[PDB]
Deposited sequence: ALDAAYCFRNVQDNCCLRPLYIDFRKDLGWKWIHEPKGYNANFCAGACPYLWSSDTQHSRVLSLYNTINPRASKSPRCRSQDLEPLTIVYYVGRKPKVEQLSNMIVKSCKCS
């Protein structure tokens, strides 16, 4: 579906999901997320037919731990994980 099951087996130059781990402090500069240290965000890339572009289709949230004062908070941040791609 241009998802992991298809794209990770059929590695190709056309539009497809690409695996990608992101470390919050090292790669994004988001210092305020205490946990997790990083996560698999993935991205979408590759050629498309006919002027469309390879972009995200299904996105999933990520559970994070942050602090307000001394209060720990756990919440689900939407739009964090790319699960599938589409030509658009």
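- Only residue range 51-74 of the deposited sequence, counted from 1, carries no C-alpha coordinates in the model.
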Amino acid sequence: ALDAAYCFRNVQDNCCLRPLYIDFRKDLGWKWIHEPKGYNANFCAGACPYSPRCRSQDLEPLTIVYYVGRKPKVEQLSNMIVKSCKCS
From here on, numbers count along this sequence of modelled residues.
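- Comparing 55-63 with 32-40, the stretch with the higher mean C-alpha B-factor in the PDB entry is 55-63.
- Taking only CA atoms, the mean B-factor in the PDB entry is higher for 74-82 than for the other of 74-82 and 16-24.
- Ranked within its chain, residue 48 lands in the highest third, by CA B factor from the PDB record.
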